[PDB]
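For reference, the structure is listed below as structure tokens.
FYI, it's all coordinate maths here, none of it is from the lab. So basically every Cβ, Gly included, is an ideal-geometry build from the backbone, and we count neighbours across all protein chains shown.
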Amino acid sequence: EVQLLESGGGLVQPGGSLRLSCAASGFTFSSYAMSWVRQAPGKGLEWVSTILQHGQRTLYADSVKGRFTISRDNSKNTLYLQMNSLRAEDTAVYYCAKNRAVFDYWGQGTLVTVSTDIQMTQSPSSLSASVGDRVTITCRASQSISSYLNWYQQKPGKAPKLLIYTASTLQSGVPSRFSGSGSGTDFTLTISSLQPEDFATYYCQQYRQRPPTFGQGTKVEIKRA
């Protein structure tokens, strides 16, 4: 089984520094690029950084350029994010993810507390439904992204899980009631019959352009009493 274990999160003062670590097992660590994606409290997913297979090249998001440094030790199968000059905006749960575009495995995340791109828009923002219902989520892109569109499921209290990649291809182990379709700028994720485990927040992510960008997400919750 594939395992990603983050550590290093904690409370720090603004301007301070932290070092996050990710321990990987169950796959050839050196064969893949590794990324950090963060989620601010009550907000959506945001790609932070990516490092290539042998540490040759690194990419950063504009908000962290100059303050963050990603590194890896392929002998220790470990990934590092050195966060310097921390700000209040940096407060978030930081996730360790495999790959650079299609994040097929995620760690559980570590919480860090501080005392021109393609825009993806999801609709609805939230929706209340019941078991057995049919749910349809729409993801729209500011410019054409062909079919380079992924869908992630994030159950409450859990890390994101890859559902669909390249618009319509189901990930191994995903139930058939999930289906994805669309092209260009307009995409849909459909759950044909809701099950109690399907109540979660769903995110769409484009990897047509670097950096990859996410939608705000769609919360699918049970109908309140």
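For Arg140, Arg100, what's the fewest-to-most ordering of other Cβ within 10 Å of each Cβ?
By the 10 Å Cβ count, ascending, the order reads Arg140, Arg100.
Once you place label points 7 Å from the Cα toward the Cβ at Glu89 and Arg224, how far apart are they in nm?
So the two model labels end up 3.2 nm from each other.
Tell me the relative contact order for segment 1-66 as a rounded percent, counting alpha carbon contacts under 8 Å between residues six or more apart. Before the final figure, lay out the partial values.
Values: 80 pairs, mean separation 14.6, N = 66.
This gives 22 percent for segment 1-66.
In what order do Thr201, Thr116, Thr138 fall by count of nearby beta-carbon atoms within 10 Å, going from fewest to most?
Numbers: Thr201 21, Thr116 4, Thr138 16.
Fewest-to-most ranking of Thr201, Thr116, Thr138: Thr116, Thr138, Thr201.
List the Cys residues of the chain that have no partner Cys with a C-beta closer than 4.7 Å.
none
From zero up to wherever the largest Cα-Cα distance of the chain sits, split into 10 Å bins and tell me the percent of pairs in each.
In whole percents, the pair-distance histogram is 8, 33, 35, 20, 4, 0.
Quick check of the Kirkwood formula: for segment 3-114, what is the inverse mean of 1/r over all pairs of different Cα atoms, in Å? Provide the component values of the computation, followed by the final result.
Numbers: mean 1/r = 0.0727 Å⁻¹.
One over the average 1/r among Cα pairs gives 13.8 Å for segment 3-114.
Could you line up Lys76, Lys161, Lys98 from fewest to most neighbouring Cβ atoms inside 10 Å? Spell out each step's value before the answer.
Working: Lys76 12, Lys161 18, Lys98 22.
Starting with the residue having the fewest Cβ neighbours, the order is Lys76, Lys161, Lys98.
Once phi is turned into θ = phi - 60°, what whole-Hz ³J(HN,Hα) does the Karplus curve with 6.51, -1.76 and 1.60 give for every residue of segment 97-111, x standing for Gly and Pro?
Each residue of segment 97-111 in turn: 10, 7, 6, 10, 10, 10, 7, 7, 9, 10, x, 7, x, 10, 8 Hz.
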